[PDB]
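Everything below concerns the one structure shown next.
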């Protein structure tokens, strides 16, 4: 056709296919699930590699002492927004000498990414940022989109084959506001074990888990310290 | 007309130990002929293994401190590890030189450990030059403090002086005596002595009262 | 008939970046292997004429005494990235009085790797291997034209890349040594290159924890050839 | 209902096509086709 | 749900999940999911229908071009 | 500010403006260069004029320093501005590092300019190719060529221009070590080369030499007829 | 914002500038006018019909002065005229501030023509759609110049632009000589506007200005009724 | 075709299809209503619950521009909150330069000019948003302005945007806004959206109500919980 070339061009139905194609790379990235308790926020990522000698690509990135994110898309734009994210933490920490409110940060992210979605010859950002953080109001789990329409939630999932993880979260979401970390994390592992082929699940080098805690700095756990969390789970029913 | 500089007093001191380092300073912020406060420490825990002291113009001490605290996190987010002591000195030399034509009115001494558990003291001019020394006094009464440490620590001008390395307790009573001896003559010497100690285990603090003229 | 330079696919990715992924298939193939003893590295030259001087071309080029590089595909664009790598490492040493780590070099180039637009023009047609000995011992990284980089252990990039990976997974293991890794590489190169192998079709360079970056020349090179 | 794609062969489809169009001609025995399929990244079976 | 009537279907299915993970379709494409899931089970020689059969039928009805894309995330 | 990308990727991985510019090179006049062990020599063919007017202005061989000579092919207008910027750069080397410029350095300057010149916005790439000949410090004579993509590339001998692949086949089919024995024998090789590619061996040739310590020297059209005369004499007794 | 920064005017494969070719046709669809110099000054005359009686002909004007001694008319479209009118009004002042002397008419035509050719090449603009006639008695001798949308210029004894100018140039060819007067050029200028005018020719269907050694000025409908009086 | 790509090209019958296409995306946004009573303005926003995994209070389609000026939107959320940012900054320009609070007739004029600015060029697109503005003054009463995608504003005794726009405004004129104070306005504003977006088209909704007047002491805020619990008590009087 011809309504499928530029960001400025509206569809006759009013649905811009450039943004609709920017919603594809977030479906092309690997799956990950975020969630929160009353007092703790946990997000669990699923690594990928290309050859078995090649290392697995990380997804969980440390932003601040109370802010951590996950990605799904291209790593270049992931780092491009990430450096802006670190910058917007440390400058206001420099000015007001205080941590930064997460919703106020994400509003700045949406205002940041809305701008190239309206000019000419300007792509949107292909990324799927799940955001975990603390205000004074405890845990907050946010998700983004290339259409710059950020969504508050209590648990979400993005990446390839995430709908099954959503179906797991809907029938267990009532439990989540009481249980603490040692079973909350493996609830998230029961989310990520769903989205897999039926033979391989959790082989201790393909997974990472990040936690911000009510008196605990945001900590990334990778291919080792995962093994205390990873044990004590049931076998996959078949 | 409008002057941009003023002198806030203060006097800091660092001594490199064998497997430790001791950074100490008084806690008086004041200028003119008056006292602003009797509580203003100059100890600053940068890492677990690095403590900086900052004397001179107080607003530049605050600003420079916060800029350093930013650039550590910039390094760590860049490199997934912490800075080392010589890396901090090598950075802050460039930071001080970066305002060559409008300098900070700040004296600085960095105390801390190496990668091998040894004391390291780096003293700064207000422009950005430095060296690694065993012990440096900075501030107002540094002229009162340096030759005493040259005699006791450096063993200078003594005949048949043996050379025991400095024990930690001897260093402690050395500092606690010498700040009293400076306090009896300098007007800028404060009323309480914040002492910070960097070991292989962590950071210890201790505060000793002084006279309060 | 003519889209923009910044147009997304209906499949979702882009067009020109994926075209640059197509573009690097034509380059001369290159193989590097990460080994705890040290990182070895090799490439052919694709010699055309007898009148052509062989040693004027290269794909091995160093960045520091502990960082070497290897390129593929288009060549004339790569020298810009080599220059930015060198300037970047000298900035990091100039400001911190230490060595910039290999991964941080790799993301320093990979941030530059995707910056074309219509303000202030196209992606790059290269494919890079980074051999380095940091404080974590030997390292080996491979980046993309899309700025995506990852650590490998034995990566083969070029025209015969998928064949050499298939012949390479079968021979790599976690406990290699350097002398067997070099000959193990040259067996694969002998399998995949066109012309008869000599002391001038290829060139190698290694890096060690002890000594600095080193490149082989036509005296210490042909012993592996006669001992293939 | 069905929307079968026809793309270019990756490597092995090309080598197989060399085995198809090259089986019935007098050739030197010890040649290899894999080098030629390395030399033809983007090509059709008509071109092969 | 209508066109899934005359097929051997194991009660594994979640039409809310399928319809929620399938936007932008019509009755022809939604029927086409039912027939392609009706074929892949015969490809594996199964007798009833499972959820992942529908999940692959989604991919075939979408009918994407495959080009070597795993280097994301 | 005309901000527009020109050099874009093909759907199969090509740069159309680059490979068209190499065709614009491929229609240019033929220039051949070799190197001797002690005296380098090169010459353009196809002077092709009306043979009744001026000609010093059409001389397609210039110097950059005392030790660096340079010829080219392709369209004439884009060449001389590259010559100008190369002269400014090679002077600026002497404003820096005190030695004269090495030919490898100045060719990296030219190719490095040309590549980013393709990388820039709103610019067609250059449509020239050059041969750059210099006997450096410590007297090691060498030469290079310049692709319009900007790939500097060493040779023992080369030939670009319209009808150059057959000339290159003659050069590989004729180049020995004893062909570079005498300097006039090397000139007889070059005049043997152009002659069997430029057909009619009249005044179309324009040769220029360098004895690795001098400046450039262009022979007047007397040794053209003399060397061509003894060339036809040697071929005459050879037949 | 910013413009397009590319010329929308290219050479044809026949080697023609097609937008200039169309702009000349748009000039040819303009209102007819003519101008004559004869031995004491230049007479310009145009043809101005209101579309109905509701307009005020005393509001706008075709005959426009540029300085003390230079007037200017056109034959083309309306809103493109006033822009370069105002530009030329400026250009005489930038001459006069430098030299403290009124501008030579030729030196004005240089700069106006350079404005038009400068305007027909730059990015993202259509060329102008008028042709001008410029008068003035500088250093005694009168002068009459004619521009074009392409930016060229000429020195006419007498010519005509607008519609039926191919007939008007034949009529002025059969009419004019070297030796006339200003009022004679008035009378044959009315006589050549009557070649292609409408049914009635009143005191306001036209607009006539003249140059002298006294300088440029513009006529009123009183003496325009006196000149159209006892005419034809 | 080809006449409906840029925002710089007229149609061969003389209009712009880009502005109309951007207007069409407004009728995919759900429903936004708001009327001004006898002594205040009440905005009413119904909010579709997409999935259960969202948290209550997310992604609010109802904004707060000034202390007294409020905004309710219906369009695309990022562009809507972008317009909330520039209007929110614009009131700060007015108070910062002039020293008092901005009137609606000036404010909606400024915002409407800024929206109209993106209706001309091939570089930018039109907004896919429309929204409502209203506030209360003690010197000027209450106001109610609405802004289309094209950048045209009007005063209203009541207005409505969303999917069921005519099925909203058909029932607003049954009320008597000229005399009712903003108390039973809450129940009526509640009921007129209670009678729309049925359980066929919607899974479940969420009520979101804004509220301003001198009963709110001029300042703009949300409704209290108990009052909209009385509105939800007034919900199930539609079954009869």
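Note that chain G carries Swiss-Prot numbering, so the residues on display, from first to last, are 3-234.
Determination method: electron microscopy, 3.6 Å.
Placed from the backbone N, Cα and C atoms, the Cβ positions cover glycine too.
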Site from G:50, G:171, G:176 that Swiss-Prot describes as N6-acetyllysine, others unannotated there: G:171
Candidate annotated in Swiss-Prot as phosphotyrosine, out of G:57, G:76, G:178: G:76
Phosphoserine per Swiss-Prot (candidates: G:16, G:54, G:198): G:16
Residues from the modified residues G:7, G:14, G:24, G:70, G:76, G:121 that lie close to chain F, Cβ under 8 Å, in sequence order: G:7
When distances run from the Cα of residue G:70 (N6-acetyllysine) to each of the modified residues G:7, G:14, G:16, G:121, the nearest one: G:121
Local Cβ density at residue G:16 (phosphoserine) - other Cβ atoms counted within 10 Å: 6
Spatial neighbours, same chain, of residue G:121 (phosphotyrosine) - Cβ under 8 Å, 6+ residues apart: G:127, G:129, G:130
Top Cα neighbour of residue G:7 (phosphoserine) in the set of modified residues G:14, G:16, G:76, G:171: G:14
Distance [Cα-Cα, Å, rounded] between residue G:6 (phosphotyrosine) and residue G:76 (phosphotyrosine): 30
Cβ packing number for residue G:76 (phosphotyrosine), 10 Å threshold: 27
For residue G:171 (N6-acetyllysine), the one of G:14, G:16, G:24, G:76 that lies nearest, given that the modified residues are compared by Cα: G:76
DSSP three-state assignment (helix, strand or coil) for residue G:14 (phosphoserine): coil
Cβ-based isolation winner (fewest other Cβ atoms within 10 Å) among the modified residues G:70, G:171: G:70
Listed modified residues (G:7, G:14), ranked by Cβ neighbours within 10 Å, top entry: G:7
Assigned element (helix, strand, coil) containing residue G:6 (phosphotyrosine), judged by DSSP: coil
